[PDB]
Structure formats: C-alpha cells, structure tokens
C-alpha cells in the first residue's frame, strides 16, 4: 500500500450543472481516493445515486462539507481524521447542512464510525430533518477542547423513525444501526496519566503524544494516524530537513537522511509530476518568479535570474495573425517576453497609425517593452525607429536571432533608413542563419568594425552594409571604437559596446584594470574578468583582498570566523543533528566555537558561564 491521493474541491454550495453532471464530477474527483489534500465536499446528491466509492476515504486535510444532499446514505465509513487546515465557514472543519429537498426527503445515514479526530475546528449540524443516530454521538472525543465553544449542533428528525444504537455502544452513542457503528471512544475514556489518545482504559495503553485518532500500541510508530507528519509510519514533529549544519565542514550541508514534505507526509521523492519548492515541499508546479529544472532525478523550483523565460508568437502568428508590425494595439501583448517564436517587424505604419486597420500611432516610448527580449527565432526587421533615439535601445539584450524564417527568404536582420548612430546590439552574439542588411542609415557608424562572420553559423550568410555614414566620416568625427575595446569592434561608442576588451571587464563593461589593491568592491581576475570578493573579506591596504569566490578565499575576515569561513555572525540557532539546534559564540579572536549543549537560547561565552539565568 501507498495511499491514493486526490485533490479535493472548494466549490462550497455551488452546483456544477445538472445534479447528474455534478455527481459525475464528484465521482470523478473522489473515485478510489484515500487521502484528500484539499476539502471533501459532498453536495446536491439525489435519491438512488450510488455514493459507495466514498468508502475509500481515510483522511481529509481541509474541511468536510455535506450539504443539500437528499441521498439516503453517505457511507464515509473509513474517514478517520479531518485536520481542518481550512474551514468551511467561520471555523467549522465539519459542516453537515440542510440535507433535504422540497419533496419531503433528505439524508438518513451518515455512518462515520471511524471518525476519531478533528484536529482543528468545530462542527456544524443544522436542518437535516431525516438524519439518524448522529445526534447521539459524543463529540468531546472527536473535537479538540479549544473548539467546543464554537460548536453548532442542531439535531431534529421529522421525516422518519430511526433504528437504535446497539446496547453494545458506550452511553448509547453510535453512528447508525449495528454493533459496527458504535462510537469508538479514544480520548474521554482514559486515565489521568495519558496526555492524548488511547485504546484501553488502563495506564499502559496510552498513545504516544504524536498520534491522532488512537493507536495499536505505545511507541511513536503505532499510531492510527499522525497529528503532524508521518515518515514511513513513524509520527514526527517535522519532516527531516534537507540541510543540517555540518560541525566538520563548518556550514550547511545536504542532510543525507533528509526528506521532502507532501501533505501530512515525509517522503524521499515527490509523486510523479510534482516539483520541489526551495523550502522542501512537493507542489504541483512552480511559482512565478521561479522555474523548473533538475538535480538528481528531482524536479525543483529555482528562482529566476532576471525575467523568467517567456515565449511569444512573432508578428504574423497567433494573437498577431494578420498584423503588419508591432504597433499601438498589439505591443502590450509583448510584456515580459523573453523569446520570440517568429519575426519582429517594426515598420513606418507603426508610427503613423493606420486608419485601415483601425490602429492609432504607436507611442515610441512603448518600445521599452522589447528590452526583455533575448531571442528571436526568425528575423528582426526594423524599417522605422524613433528619430531622436540614438541606437536600437529596445534590443540591448538581444542575444541571438536564429533566422529560421527570413524576410523574402533572405534576411535574418534588416535595418533600413533609420536615424540611428550605432546599432546598440551589444548582446547579440549569434545570428544562426539568414543575411544581414544594413542600408541607408545616414548617421550610422560602427557597423564595419564588427566581424559579422563570428556571429554566423552557416558559411553562406552574407552581409550588406551599404549607404550609411562612411568609415571616413565617422573616423573624422571621433565616432570610433572606444580605447578599451580590442580590435574586435564596436556596437557603439561606449566601453560596454565592445565585442571584447583589450584588458579586463566588469560585467558587460570594458575596463583597463580590475580593483586589485584599490577600489570599492575589491576584486580578483579570471579570464580577463573582474569578479568581486566575498562581502565578508576586509579591504586590505597593501596587498590583494582575496584569491577567489568563497568566504574561504579572504586574506582576512571582516567580522567573525567559523572554521575556514568568514561569516557576518556566528551560527546562531541553525538546525543541527538529532534535531539539536546549534549555537556558537565568538571568542577574543572573534572565532566561533560551540556553546554549552545546555544553553537553549545561544551564548556569549564558553560553558554555563556563558548563558546566565
């Protein structure tokens, strides 16, 4: 066995089409279901509809609602526990309401003979004029004593005579006819000694603190069902975590024995088609802000570095079927796009507007929208551009034009008759297929300094850079590759415009030297790149401030030191072994050592002489 899990429902009193339709989807949701992650809602079910699939239901996480049913029996015969992680209304984790119709018929049999715990929340019973036996149920065994005060029990039978509880039953309390429907008391029937549940009336049959409905024995693994989490039928306070502080390594480390959390369960791998959040919980799919990927046959959400990948149809396809260009109407549909599947056309019509297709002039400002675009699958076509804009500013993050589709079967990048001065395409590192044509841009400089053949993937691709401002003129006006650029060319005047630096680079920018020995963030170099020193190394006066990335490669620790790592503070209340939280103090040399195991709340010195009371 490995319990079947269904989603649950939260439609409350809403009715999904015909009674007929409603039941079909109820059945569809719960058929075979053992554990309900969400709520169980049984609603609008009529006379003579077989509801027997409900016999499979062992556990509900949310609430249980049973309302507006005329069906005779609701055989929730194995429901052991309602956690009440959500409430129906106010604060009821179980609500059984107006189960009757105008036709003088309603619900008779709700035999929940195995319902032993409601973990949180109260219960409402009202307007069930055909209900039997339940009114005899002694709720103090089922409901936590904090919720007794919000209990709403109104039992009134006016539609039948009922069967009677077996004399076998305790205090005449039962769920329906027969010995098998007697309440099984597991709380109110037990000696002082026991904290929680029980299975006998003696001192030596208390249930472990950890159990919910009752138990089959003393030990933590004999529970019927778990108050908090279960981990292969051992009830625990929490799922064993993914990271533990490593006393040897002096930091967080993969806890080998660690486990993800799924429902009220601790599990080594999420069920098929589930993703693990950055907190160790199995969820159905990743939050925006983050994305799906994989390390060790485990799908996880990592958080997006910059805008999340988003794919959009180009002009021509989809929302943009029959569109001549990006334009006032359509441009909004581009917000946040990262990759364009298809082509972009920016044409004069965009800026005049077009009374024929009912489109107003495009606010050129709005082209800022394209800044998120990193990939064009087809071709980029720019035949118009705001004249007071110096370069192709909206495409500063374009990394690749794949040129799968091409204008007239030819061009993958076409820039024609603009007022620009530089291309500005500083991120473009690949044009997969197609030809470049840059023509009639009378102020355009820089274009020739690029070796276009390096962006190309196919050896037949051609360039045509014609009738722009001449090499001669640009040179004569200083509009030429910055000093800090290698002989590999420009996309414009600025140092972040170069294809590659003659010396070193920060991020995208070219520089003459890194900040070794002087500077705001002190740095080291690798592959002509200036990488920052970890923020916990002290800026040194005389020599370098670090040799690499870690908190291990400081010359000198800015604050405290923990093994080989410099840290901002000593570890204080990090989760450790055996579920022993971990506390360190900083000595004279500002070096971290363990506190006395006994200092529940951290310490300032060694031993009990370090955490006064």
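Residue numbers count along the first chain shown, from 1.
Here the stretch with the larger average CA B-factor, out of 480-488 and 165-173, is 480-488.
When the two stretches 87-95 and 391-399 are set side by side, the higher mean Cα temperature factor goes to 391-399. Taking the deposited Cα B-factors for 181, 128, 265, 459, the highest one is held by 459. When the C-alpha B factors of 68, 575, 566, 37 are read from the deposited coordinates, the top value falls at 575. In this PDB entry, residue 104 carries a Cα temperature factor that places it within the middle third of its chain's modelled residues. In this PDB entry, the Cα temperature factor of residue 42 sits in the bottom third of its chain's modelled residues, the lowest group. Per the PDB record, residue ranking by Cα B-factor puts residue 581 in the highest third of the chain. Residue 330 sits in the middle third of its chain by CA B factor, as recorded in the PDB entry. When the modelled residues of the chain are ordered by their C-alpha B factor, residue 152 lands in the lowest third.
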